[PDB]
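Structure file final_38.tsv; described as TSV, C-alpha atoms and all ligand atoms.
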```tsv
chain	number	residue	atom	x	y	z
A	1	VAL	CA	69.53	77.89	-39.64
A	2	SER	CA	73.25	78.20	-38.92
A	3	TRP	CA	75.70	75.49	-39.90
A	4	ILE	CA	76.37	75.13	-36.20
A	5	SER	CA	72.75	74.82	-35.04
A	6	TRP	CA	72.30	72.22	-37.75
A	7	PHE	CA	75.33	70.24	-36.50
A	8	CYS	CA	74.50	70.37	-32.80
A	9	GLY	CA	71.03	69.21	-33.79
A	10	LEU	CA	72.16	66.03	-35.52
A	11	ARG	CA	71.63	62.68	-33.83
A	12	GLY	CA	74.72	61.72	-31.85
A	13	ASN	CA	75.72	65.32	-31.18
A	14	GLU	CA	73.70	65.83	-28.01
A	15	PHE	CA	76.91	66.42	-26.08
A	16	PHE	CA	77.87	69.51	-28.09
A	17	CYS	CA	76.81	73.08	-27.36
A	18	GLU	CA	76.58	75.91	-29.89
A	19	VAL	CA	79.87	77.82	-29.93
A	20	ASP	CA	79.33	81.59	-29.98
A	21	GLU	CA	80.84	82.66	-33.30
A	22	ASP	CA	82.19	85.85	-31.74
A	23	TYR	CA	84.61	83.40	-30.17
A	24	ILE	CA	85.31	82.00	-33.61
A	25	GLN	CA	85.90	85.56	-34.95
A	26	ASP	CA	88.84	86.01	-32.59
A	27	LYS	CA	91.69	84.41	-34.54
A	28	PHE	CA	93.57	84.03	-31.25
A	29	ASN	CA	91.38	81.10	-30.25
A	30	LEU	CA	92.07	79.14	-33.42
A	31	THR	CA	95.84	79.02	-32.88
A	32	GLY	CA	97.34	75.85	-34.34
A	33	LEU	CA	94.08	74.35	-35.54
A	34	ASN	CA	95.05	75.34	-39.09
A	35	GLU	CA	97.98	72.94	-38.96
A	36	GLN	CA	95.65	70.21	-37.75
A	37	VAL	CA	92.56	69.98	-39.93
A	38	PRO	CA	92.58	69.68	-43.72
A	39	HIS	CA	91.15	72.46	-45.88
A	40	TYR	CA	91.30	74.73	-42.92
A	41	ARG	CA	89.87	77.96	-44.33
A	42	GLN	CA	87.45	76.10	-46.55
A	43	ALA	CA	86.12	74.30	-43.47
A	44	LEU	CA	86.15	77.48	-41.38
A	45	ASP	CA	83.93	79.31	-43.88
A	46	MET	CA	81.53	76.38	-44.02
A	47	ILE	CA	81.08	76.53	-40.23
A	48	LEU	CA	80.36	80.24	-40.50
A	49	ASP	CA	77.96	79.68	-43.43
A	50	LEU	CA	80.37	81.81	-45.46
A	51	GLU	CA	80.96	81.49	-49.24
A	52	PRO	CA	81.69	77.92	-50.45
A	53	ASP	CA	84.87	76.85	-52.33
A	54	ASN	CA	83.82	68.12	-57.03
A	55	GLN	CA	82.61	66.07	-54.05
A	56	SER	CA	82.62	68.82	-51.41
A	57	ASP	CA	81.68	66.11	-48.94
A	58	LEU	CA	85.11	65.74	-47.36
A	59	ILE	CA	84.81	69.40	-46.41
A	60	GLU	CA	81.84	68.90	-44.06
A	61	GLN	CA	84.05	66.36	-42.29
A	62	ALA	CA	86.95	68.77	-41.75
A	63	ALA	CA	84.27	71.31	-40.75
A	64	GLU	CA	83.16	68.80	-38.15
A	65	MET	CA	86.74	68.24	-37.03
A	66	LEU	CA	87.40	71.96	-36.93
A	67	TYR	CA	84.17	72.76	-35.17
A	68	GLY	CA	84.86	69.91	-32.78
A	69	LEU	CA	88.34	71.13	-31.90
A	70	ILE	CA	87.09	74.68	-31.39
A	71	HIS	CA	84.32	73.36	-29.13
A	72	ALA	CA	86.90	71.76	-26.84
A	73	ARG	CA	88.40	75.22	-26.32
A	74	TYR	CA	85.12	77.09	-26.10
A	75	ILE	CA	83.73	75.08	-23.18
A	76	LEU	CA	86.67	76.28	-21.07
A	77	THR	CA	85.45	79.84	-21.34
A	78	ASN	CA	82.68	80.96	-19.00
A	79	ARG	CA	80.02	81.06	-21.73
A	80	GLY	CA	80.89	77.59	-22.90
A	81	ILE	CA	80.87	76.40	-19.31
A	82	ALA	CA	77.52	78.12	-18.80
A	83	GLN	CA	76.01	76.49	-21.87
A	84	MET	CA	77.36	73.12	-20.81
A	85	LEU	CA	76.25	73.61	-17.22
A	86	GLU	CA	72.79	74.10	-18.64
A	87	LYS	CA	72.90	70.85	-20.57
A	88	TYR	CA	74.20	69.29	-17.35
A	89	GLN	CA	71.17	70.50	-15.42
A	90	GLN	CA	69.10	68.99	-18.23
A	91	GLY	CA	70.84	65.61	-17.99
A	92	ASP	CA	71.87	65.88	-21.66
A	93	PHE	CA	74.92	63.71	-20.97
A	94	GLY	CA	73.23	60.91	-19.06
A	95	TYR	CA	73.69	59.73	-15.49
A	96	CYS	CA	76.31	57.64	-13.69
A	97	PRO	CA	75.61	53.90	-14.23
A	98	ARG	CA	77.16	53.11	-10.86
A	99	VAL	CA	74.29	52.05	-8.60
A	100	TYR	CA	75.48	53.89	-5.53
A	101	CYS	CA	75.96	57.22	-7.30
A	102	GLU	CA	72.17	57.39	-7.49
A	103	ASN	CA	71.94	58.60	-11.07
A	104	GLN	CA	74.43	61.41	-10.59
A	105	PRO	CA	74.35	63.40	-13.86
A	106	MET	CA	77.55	63.10	-15.89
A	107	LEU	CA	79.63	65.40	-18.06
A	108	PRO	CA	81.37	64.64	-21.38
A	109	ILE	CA	85.15	64.28	-21.27
A	110	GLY	CA	88.09	63.26	-23.42
A	111	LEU	CA	90.80	60.80	-22.45
A	112	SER	CA	93.13	62.75	-24.70
A	113	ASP	CA	93.29	66.23	-26.24
A	114	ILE	CA	94.80	64.82	-29.40
A	115	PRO	CA	92.27	64.01	-32.18
A	116	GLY	CA	91.48	60.47	-33.19
A	117	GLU	CA	92.79	58.77	-30.09
A	118	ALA	CA	89.68	57.92	-28.12
A	119	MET	CA	85.95	58.51	-28.32
A	120	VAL	CA	84.33	60.86	-25.80
A	121	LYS	CA	83.66	59.23	-22.43
A	122	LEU	CA	81.46	60.20	-19.50
A	123	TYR	CA	82.67	61.65	-16.20
A	124	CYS	CA	80.89	61.43	-12.86
A	125	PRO	CA	81.59	64.17	-10.27
A	126	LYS	CA	80.38	61.87	-7.50
A	127	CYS	CA	82.43	58.88	-8.74
A	128	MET	CA	85.32	60.85	-10.17
A	129	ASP	CA	85.70	58.02	-12.67
A	130	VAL	CA	84.95	57.84	-16.39
A	131	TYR	CA	82.44	55.64	-18.20
A	132	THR	CA	81.47	54.71	-21.76
A	133	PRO	CA	78.26	56.16	-23.23
A	134	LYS	CA	75.45	53.60	-23.29
A	135	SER	CA	74.19	54.85	-26.66
A	136	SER	CA	76.08	53.94	-29.81
A	137	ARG	CA	75.19	57.23	-31.46
A	138	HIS	CA	78.07	58.51	-29.31
A	139	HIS	CA	80.68	55.94	-30.19
A	140	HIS	CA	81.96	58.00	-33.08
A	141	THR	CA	82.62	61.25	-31.26
A	142	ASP	CA	86.20	62.28	-30.55
A	143	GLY	CA	87.00	62.93	-26.92
A	144	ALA	CA	89.33	65.64	-28.19
A	145	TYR	CA	86.21	67.62	-29.15
A	146	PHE	CA	85.65	67.90	-25.40
A	147	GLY	CA	89.15	67.66	-23.96
A	148	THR	CA	90.49	66.34	-20.67
A	149	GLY	CA	90.10	69.41	-18.47
A	150	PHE	CA	86.56	70.51	-19.17
A	151	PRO	CA	84.66	68.70	-16.38
A	152	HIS	CA	87.16	70.03	-13.87
A	153	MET	CA	87.07	73.62	-15.11
A	154	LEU	CA	83.29	73.57	-14.85
A	155	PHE	CA	83.34	72.50	-11.24
A	156	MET	CA	86.25	74.78	-10.53
A	157	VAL	CA	83.99	77.71	-11.36
A	158	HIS	CA	80.75	76.24	-10.08
A	159	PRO	CA	81.67	74.44	-6.82
A	160	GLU	CA	78.10	74.69	-5.54
A	161	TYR	CA	77.42	72.01	-8.14
A	162	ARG	CA	79.93	69.47	-6.87
A	163	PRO	CA	77.96	66.48	-5.45
A	164	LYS	CA	77.86	65.31	-1.85
A	165	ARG	CA	79.73	62.00	-1.63
A	166	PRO	CA	77.86	58.65	-1.72
A	167	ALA	CA	75.93	58.06	1.49
A	168	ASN	CA	76.00	54.39	0.60
A	169	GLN	CA	78.29	51.79	-0.88
A	170	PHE	CA	78.24	48.31	-2.35
A	171	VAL	CA	78.56	45.67	0.37
A	172	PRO	CA	79.07	42.09	-0.92
A	173	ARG	CA	77.32	39.39	1.11
A	174	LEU	CA	76.75	35.65	0.68
A	175	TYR	CA	73.78	35.10	2.99
A	176	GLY	CA	73.46	38.30	4.95
A	177	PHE	CA	77.12	37.82	5.82
A	178	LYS	CA	79.52	40.59	4.88
A	179	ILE	CA	82.16	38.88	2.74
A	180	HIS	CA	85.67	40.31	2.91
A	181	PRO	CA	87.06	40.90	0.39
B	1	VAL	CA	57.13	24.97	-25.41
B	2	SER	CA	57.51	24.37	-21.65
B	3	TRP	CA	56.34	27.26	-19.44
B	4	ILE	CA	59.87	27.71	-18.16
B	5	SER	CA	61.42	27.81	-21.65
B	6	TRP	CA	58.60	30.12	-22.65
B	7	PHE	CA	59.34	32.46	-19.71
B	8	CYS	CA	63.13	32.55	-20.09
B	9	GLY	CA	62.46	33.31	-23.73
B	10	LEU	CA	60.41	36.44	-23.12
B	11	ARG	CA	61.93	39.85	-23.78
B	12	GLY	CA	63.45	41.24	-20.61
B	13	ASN	CA	64.24	37.80	-19.17
B	14	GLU	CA	67.64	37.38	-20.78
B	15	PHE	CA	69.22	37.22	-17.34
B	16	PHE	CA	67.32	34.07	-16.31
B	17	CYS	CA	68.43	30.50	-16.93
B	18	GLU	CA	66.15	27.47	-17.17
B	19	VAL	CA	65.85	25.86	-13.74
B	20	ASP	CA	66.12	22.06	-13.92
B	21	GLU	CA	62.72	20.86	-12.71
B	22	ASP	CA	64.31	17.93	-10.88
B	23	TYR	CA	65.43	20.71	-8.55
B	24	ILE	CA	61.84	21.88	-8.37
B	25	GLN	CA	60.67	18.30	-7.60
B	26	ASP	CA	62.69	18.29	-4.39
B	27	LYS	CA	60.32	19.98	-1.96
B	28	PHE	CA	63.33	20.77	0.25
B	29	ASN	CA	64.37	23.56	-2.09
B	30	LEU	CA	61.01	25.31	-1.94
B	31	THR	CA	61.10	25.82	1.83
B	32	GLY	CA	59.24	28.96	2.84
B	33	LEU	CA	58.33	30.07	-0.65
B	34	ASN	CA	54.78	28.88	0.01
B	35	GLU	CA	54.38	31.54	2.68
B	36	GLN	CA	55.66	34.16	0.26
B	37	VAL	CA	53.87	33.93	-3.06
B	38	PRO	CA	50.09	33.92	-3.51
B	39	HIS	CA	48.33	30.85	-4.92
B	40	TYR	CA	51.38	28.86	-4.21
B	41	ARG	CA	50.40	25.41	-5.48
B	42	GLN	CA	48.34	26.88	-8.29
B	43	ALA	CA	51.42	28.79	-9.43
B	44	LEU	CA	53.72	25.80	-8.87
B	45	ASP	CA	51.64	23.59	-11.16
B	46	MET	CA	51.58	26.28	-13.84
B	47	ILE	CA	55.39	26.40	-13.83
B	48	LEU	CA	55.46	22.62	-14.22
B	49	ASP	CA	52.83	22.74	-16.96
B	50	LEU	CA	50.49	20.58	-14.90
B	51	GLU	CA	46.86	21.12	-15.97
B	52	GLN	CA	41.73	37.42	-15.44
B	53	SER	CA	42.76	35.32	-12.37
B	54	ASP	CA	45.69	35.55	-14.84
B	55	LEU	CA	47.23	36.27	-11.49
B	56	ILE	CA	47.78	32.55	-11.04
B	57	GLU	CA	50.65	33.65	-13.31
B	58	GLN	CA	51.98	36.89	-11.88
B	59	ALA	CA	52.78	34.55	-9.06
B	60	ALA	CA	54.25	31.93	-11.36
B	61	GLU	CA	56.81	34.50	-12.36
B	62	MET	CA	57.44	35.44	-8.75
B	63	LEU	CA	57.69	31.82	-7.75
B	64	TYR	CA	59.88	30.90	-10.66
B	65	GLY	CA	62.00	33.96	-9.96
B	66	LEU	CA	62.50	33.08	-6.31
B	67	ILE	CA	63.39	29.49	-7.18
B	68	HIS	CA	65.88	30.74	-9.76
B	69	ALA	CA	67.75	32.71	-7.07
B	70	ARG	CA	68.29	29.45	-5.22
B	71	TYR	CA	69.03	27.35	-8.27
B	72	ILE	CA	71.96	29.45	-9.45
B	73	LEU	CA	73.77	28.64	-6.20
B	74	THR	CA	73.87	24.98	-7.14
B	75	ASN	CA	76.61	23.83	-9.49
B	76	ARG	CA	74.26	23.30	-12.44
B	77	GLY	CA	72.76	26.74	-12.02
B	78	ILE	CA	76.24	28.17	-11.72
B	79	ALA	CA	77.27	26.24	-14.82
B	80	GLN	CA	74.32	27.51	-16.85
B	81	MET	CA	74.99	31.05	-15.65
B	82	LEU	CA	78.73	30.74	-16.27
B	83	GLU	CA	77.79	29.88	-19.82
B	84	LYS	CA	75.66	32.97	-20.22
B	85	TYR	CA	78.59	34.85	-18.69
B	86	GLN	CA	80.94	33.56	-21.35
B	87	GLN	CA	78.33	34.70	-23.86
B	88	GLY	CA	78.15	38.22	-22.41
B	89	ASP	CA	74.41	37.76	-21.81
B	90	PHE	CA	74.59	40.20	-18.90
B	91	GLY	CA	76.50	43.00	-20.57
B	92	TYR	CA	79.89	44.47	-19.80
B	93	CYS	CA	81.20	46.89	-17.20
B	94	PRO	CA	80.52	50.52	-18.27
B	95	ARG	CA	83.61	51.65	-16.38
B	96	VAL	CA	86.15	52.65	-19.03
B	97	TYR	CA	89.14	51.16	-17.31
B	98	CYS	CA	87.54	47.76	-16.78
B	99	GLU	CA	87.84	47.28	-20.54
B	100	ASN	CA	84.40	45.80	-21.10
B	101	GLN	CA	84.75	43.23	-18.33
B	102	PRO	CA	81.65	41.01	-18.65
B	103	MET	CA	79.21	41.41	-15.74
B	104	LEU	CA	76.94	39.11	-13.76
B	105	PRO	CA	73.39	39.75	-12.50
B	106	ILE	CA	73.00	40.42	-8.77
B	107	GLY	CA	70.44	41.49	-6.20
B	108	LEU	CA	70.91	44.25	-3.62
B	109	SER	CA	68.49	42.31	-1.42
B	110	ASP	CA	67.18	38.75	-1.17
B	111	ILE	CA	63.76	40.05	-0.17
B	112	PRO	CA	61.29	40.44	-3.07
B	113	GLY	CA	60.15	43.82	-4.28
B	114	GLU	CA	62.96	45.84	-2.75
B	115	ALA	CA	65.23	46.61	-5.67
B	116	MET	CA	65.55	45.70	-9.32
B	117	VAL	CA	68.39	43.42	-10.42
B	118	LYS	CA	71.71	45.24	-10.82
B	119	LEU	CA	74.95	44.31	-12.54
B	120	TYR	CA	78.17	43.20	-10.84
B	121	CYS	CA	81.69	43.54	-12.20
B	122	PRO	CA	84.34	41.07	-10.97
B	123	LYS	CA	87.09	43.46	-12.04
B	124	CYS	CA	85.42	46.49	-10.41
B	125	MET	CA	83.75	44.66	-7.57
B	126	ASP	CA	81.05	47.32	-7.73
B	127	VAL	CA	77.45	47.16	-8.94
B	128	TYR	CA	75.83	49.00	-11.84
B	129	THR	CA	72.39	49.63	-13.30
B	130	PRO	CA	71.41	47.80	-16.54
B	131	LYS	CA	71.55	50.12	-19.55
B	132	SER	CA	68.46	48.54	-21.08
B	133	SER	CA	65.04	49.36	-19.67
B	134	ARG	CA	63.73	45.89	-20.45
B	135	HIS	CA	65.57	45.00	-17.25
B	136	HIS	CA	64.20	47.70	-14.99
B	137	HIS	CA	61.31	45.52	-13.91
B	138	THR	CA	63.23	42.49	-12.74
B	139	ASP	CA	63.56	41.81	-9.03
B	140	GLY	CA	67.09	41.50	-7.73
B	141	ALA	CA	65.69	38.90	-5.37
B	142	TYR	CA	65.27	36.60	-8.37
B	143	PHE	CA	69.07	36.56	-8.45
B	144	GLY	CA	70.06	37.15	-4.84
B	145	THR	CA	73.05	38.84	-3.24
B	146	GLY	CA	75.48	35.94	-3.10
B	147	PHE	CA	75.30	34.49	-6.59
B	148	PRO	CA	78.19	36.33	-8.29
B	149	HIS	CA	80.44	35.39	-5.39
B	150	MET	CA	79.45	31.73	-5.31
B	151	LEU	CA	80.18	31.50	-9.02
B	152	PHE	CA	83.68	32.85	-8.63
B	153	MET	CA	84.17	30.86	-5.47
B	154	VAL	CA	83.82	27.69	-7.55
B	155	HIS	CA	85.40	29.00	-10.74
B	156	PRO	CA	88.40	31.10	-9.59
B	157	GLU	CA	90.13	30.66	-12.93
B	158	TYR	CA	87.46	33.10	-14.16
B	159	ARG	CA	88.25	35.92	-11.74
B	160	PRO	CA	89.72	38.83	-13.77
B	161	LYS	CA	93.22	40.27	-13.53
B	162	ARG	CA	92.97	43.70	-11.94
B	163	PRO	CA	92.90	46.88	-14.11
B	164	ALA	CA	96.30	47.56	-15.67
B	165	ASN	CA	95.18	51.16	-16.03
B	166	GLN	CA	93.25	53.81	-14.17
B	167	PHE	CA	91.59	57.15	-14.69
B	168	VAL	CA	94.07	60.01	-14.28
B	169	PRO	CA	92.50	63.51	-14.24
B	170	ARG	CA	94.56	66.21	-15.97
B	171	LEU	CA	93.96	69.85	-16.92
B	172	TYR	CA	96.59	70.32	-19.62
B	173	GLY	CA	98.78	67.26	-19.42
B	174	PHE	CA	99.15	68.10	-15.74
B	175	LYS	CA	97.91	65.45	-13.33
B	176	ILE	CA	95.59	67.57	-11.21
A	201	ZN	ZN	79.54	58.07	-10.34
A	202	ZN	ZN	84.11	46.96	-13.65
```

Before anything else, please render the file you have as structure tokens.
Amino acid sequence: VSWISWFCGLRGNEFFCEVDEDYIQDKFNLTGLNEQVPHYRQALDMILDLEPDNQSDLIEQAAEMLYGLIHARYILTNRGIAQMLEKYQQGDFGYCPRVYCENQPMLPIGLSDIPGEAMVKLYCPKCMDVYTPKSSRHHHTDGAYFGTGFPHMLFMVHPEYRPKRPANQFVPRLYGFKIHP
Amino acid sequence: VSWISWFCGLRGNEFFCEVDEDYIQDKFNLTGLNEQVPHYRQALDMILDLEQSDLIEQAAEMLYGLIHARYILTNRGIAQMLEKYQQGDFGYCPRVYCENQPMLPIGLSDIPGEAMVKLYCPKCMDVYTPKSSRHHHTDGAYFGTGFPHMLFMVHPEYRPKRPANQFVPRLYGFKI
């Protein structure tokens, strides 16, 4: 088992995909992450199952953070997008709660690209609005681990997947009478 | 425990309120329900606790449910519901920018067996599907289509201030 497969397999991390480590091997992708997560190299090795080095517990955390931040970049590359598109087709991220979006499958998104500013939310292509995950096992995931441009990039590479707009809409009525507004 | 209290207490019936039986005693409220639910009077007694055809029940629920939809249009009903609203009994709007605005139960139709009860957001003014599954077997008709409105059109002070914020898509800090 890889550190990564283990992570992505944990409960609450259903929204993540396994980042190809080739991507991680290209130092050019990790630009500026070093000046962002504590124990950078120590955490980077841990993610790569490389040599460790006394509560080396706080490391796993920075490994999460690091992994998380890398993920946000990865899913902008075609492979990442492909892996995510697959989880999309599997409904891994849930479906739009809005009644008239008829369970349109959602995509994970971040309200900010800066860490620790907001927990990952859910985007609906149909709606084009963002919602809060119904599960709580997802109320501790940083939106920054997904970013703000991911959902868009995906659809701006796979347009055939964009949904047809809602054939129906909510129409308020008191007794069969359309109330306005 | 009274049948009604028993019912409203079951799991999955958190959205219901206890209908004052005085209301039930006025035959004028039950107009046309008799030609809608099977074993009408048998089911009506059961609801009032009056002394495998455990179907006399399936209809008690239906009947109760249909009565409920009417009840919550009366001030008492509205009051009891408004209370459950203040308690968040119906959940909050999933929409991120509605900042957990508490919702109200609603029906997409007043006709039975046509759609399961959905959730209305005053802020949003849109309807959503309950996140729990224990609510995916409740008829919207037991709540009706005009209830949320009636409530707010009697308790305006409760209408929410519109969203101070909105979703703004961006690729890299760039509104797109
Ligand atoms: Zn939607
Ligand atoms: Zn709302």

Which residues of chain A have any atom within 6 Å of an atom in ligand ZN 201 (chain A) when counting all atoms listed in the file, and what is the closest pair of atoms for each, with the distance in Å to one decimal? Order the rows by chain and rising number and write it as CSV.
```
residue,atom,partner,partner_atom,distance
A:96,CA,A:ZN201,ZN,4.7
A:98,CA,A:ZN201,ZN,5.5
A:101,CA,A:ZN201,ZN,4.8
A:124,CA,A:ZN201,ZN,4.4
A:126,CA,A:ZN201,ZN,4.8
A:127,CA,A:ZN201,ZN,3.4
```

Record the distance separating atom CA of residue 45 of chain A and atom CA of residue 109 of chain A, expressed in Å with one decimal.
->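 Atom CA of residue 109 of chain A lies at a distance of 27.2 Å from atom CA of residue 45 of chain A.
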
Find the residues of chain A in contact range of chain B, meaning any atom within 7 Å when counting only C-alpha atoms, and list them as a list in words.
->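 Here they are: residues 97, 98, 99, 129, 130, 131, 132, 134, 148, 149, 170, 173, 174 and 175 of chain A.
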
Can you work out the spacing between atom CA of residue 30 of chain B and atom CA of residue 64 of chain B in Å, to one decimal?
->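 Calculated distance between atom CA of residue 30 of chain B and atom CA of residue 64 of chain B is 10.4 Å.
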
Give as a list in words every residue, naming chains and numbers as the document does, that has an atom within 12 Å of (76.4, 76.6, -18.3), counting all atoms listed in the file.
->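 Final list of nearby residues, as requested, is residues 17, 18, 74, 75, 76, 77, 78, 79, 80, 81, 82, 83, 84, 85, 86, 87, 88, 89, 90, 107, 150, 151, 153, 154, 155, 157, 158 and 161 of chain A.
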
Any chance you could build segment 147-160 of chain B out to N, CA and C atoms and write it as a JSON list (two decimals), in the coordinates of the input?
```json
[["chain", "number", "residue", "atom", "x", "y", "z"],
["B", 147, "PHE", "N", 75.02, 35.20, -5.35],
["B", 147, "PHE", "CA", 75.30, 34.49, -6.59],
["B", 147, "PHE", "C", 76.64, 34.77, -7.29],
["B", 148, "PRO", "N", 76.92, 36.04, -7.61],
["B", 148, "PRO", "CA", 78.19, 36.33, -8.29],
["B", 148, "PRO", "C", 79.37, 35.74, -7.55],
["B", 149, "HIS", "N", 79.37, 35.89, -6.23],
["B", 149, "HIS", "CA", 80.44, 35.39, -5.39],
["B", 149, "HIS", "C", 80.58, 33.89, -5.50],
["B", 150, "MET", "N", 79.49, 33.19, -5.21],
["B", 150, "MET", "CA", 79.45, 31.73, -5.31],
["B", 150, "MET", "C", 80.06, 31.24, -6.62],
["B", 151, "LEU", "N", 79.68, 31.88, -7.72],
["B", 151, "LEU", "CA", 80.18, 31.50, -9.02],
["B", 151, "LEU", "C", 81.69, 31.57, -9.05],
["B", 152, "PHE", "N", 82.24, 32.70, -8.62],
["B", 152, "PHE", "CA", 83.68, 32.85, -8.63],
["B", 152, "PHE", "C", 84.34, 32.02, -7.55],
["B", 153, "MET", "N", 83.59, 31.69, -6.51],
["B", 153, "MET", "CA", 84.17, 30.86, -5.47],
["B", 153, "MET", "C", 83.87, 29.40, -5.77],
["B", 154, "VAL", "N", 84.06, 29.04, -7.03],
["B", 154, "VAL", "CA", 83.82, 27.69, -7.55],
["B", 154, "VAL", "C", 84.54, 27.68, -8.90],
["B", 155, "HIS", "N", 84.71, 28.86, -9.47],
["B", 155, "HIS", "CA", 85.40, 29.00, -10.74],
["B", 155, "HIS", "C", 86.40, 30.15, -10.70],
["B", 156, "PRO", "N", 87.37, 30.08, -9.78],
["B", 156, "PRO", "CA", 88.40, 31.10, -9.59],
["B", 156, "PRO", "C", 89.17, 31.44, -10.86],
["B", 157, "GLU", "N", 89.40, 30.44, -11.69],
["B", 157, "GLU", "CA", 90.13, 30.66, -12.93],
["B", 157, "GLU", "C", 89.47, 31.77, -13.75],
["B", 158, "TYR", "N", 88.21, 32.07, -13.44],
["B", 158, "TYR", "CA", 87.46, 33.10, -14.16],
["B", 158, "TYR", "C", 87.55, 34.51, -13.59],
["B", 159, "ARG", "N", 88.08, 34.62, -12.37],
["B", 159, "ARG", "CA", 88.25, 35.92, -11.74],
["B", 159, "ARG", "C", 89.17, 36.70, -12.68],
["B", 160, "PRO", "N", 88.90, 38.00, -12.89],
["B", 160, "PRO", "CA", 89.72, 38.83, -13.77],
["B", 160, "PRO", "C", 91.00, 39.36, -13.14]]
```
